Structures are given as structure tokens and as C-alpha cells.
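There is one chain below, alone, in C-alpha cells, taken in the form deposited in one PDB entry.
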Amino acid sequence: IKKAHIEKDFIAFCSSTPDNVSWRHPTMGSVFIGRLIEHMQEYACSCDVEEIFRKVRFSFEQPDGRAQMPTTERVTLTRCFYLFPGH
């Protein structure tokens, strides 16, 4: 028998910090989801997921109006995950 890590190559991206609300527009949808889609569309070609998620977090930097701060959690990615869209 051979040994393998029980938990590896995970990344979680949540819409807000622990204890805190995430916002959803009744007609335009969830802000975190919309922001994530836009950044994935733009940066999947050139950035790994960790970088993209960081960029998403940056977009929420200014606590204007309905503030929230997306969080990356339980990261065991050992390599960069590039999506190579088109490949």
C-alpha cells in the first residue's frame, strides 16, 4: 500500500468574510457571482485562479454602499491553476 495526502489541491472562494453578509440584487443577481464571471472572462487567459480571485477581492476594496469582502479559504493548491481558455 502507498500513502497519499488526504486533502490537497483545493481552493475555496467565498462571497464574504466569516460572520458577514453577501449581497444579491433581486434582478441583476449576486454581486460576488457577477464580479467573478467578469474577472474570469477577462483574466482566465493570463492569470491563474489564485491571481484571478485576488483581483476579484480587490474590486470590493472600497466599502461603498453594500460592502462585502470575498475570501479565499482552505487553499492546498501546490501548483498554479491556469484555465488556458481555447485549449
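So that the term is clear: the rigid core is the largest set of C-alpha atoms that superpose within 1.5 Å between two forms. Residue numbers run from 1 along the displayed sequence.
Not pictured, yet referred to below: the form deposited in another entry.
K.L.:
Determine whether the C-alpha of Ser22 shifts by 2 Å or more between this form and the one not shown once the rigid core is superposed.
P.N.:
The answer is yes, as the C-alpha of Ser22 shifts between this form and the one not shown by 2 Å or more after core alignment.
K.L.:
Hey, the CA atoms of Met40 and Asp19 end up closer or farther in the other form than in the shown form, with the change being 3 Å or more?
P.N.:
Distance between the C-alphas of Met40 and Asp19: shorter in the other form, by 3 Å or more.
K.L.:
Answer with closer or farther for the CA-CA spacing of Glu50 and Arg24 in the other form compared to the shown form; it moves by 3 Å or more.
P.N.:
More distant in the other form, by 3 Å or more.
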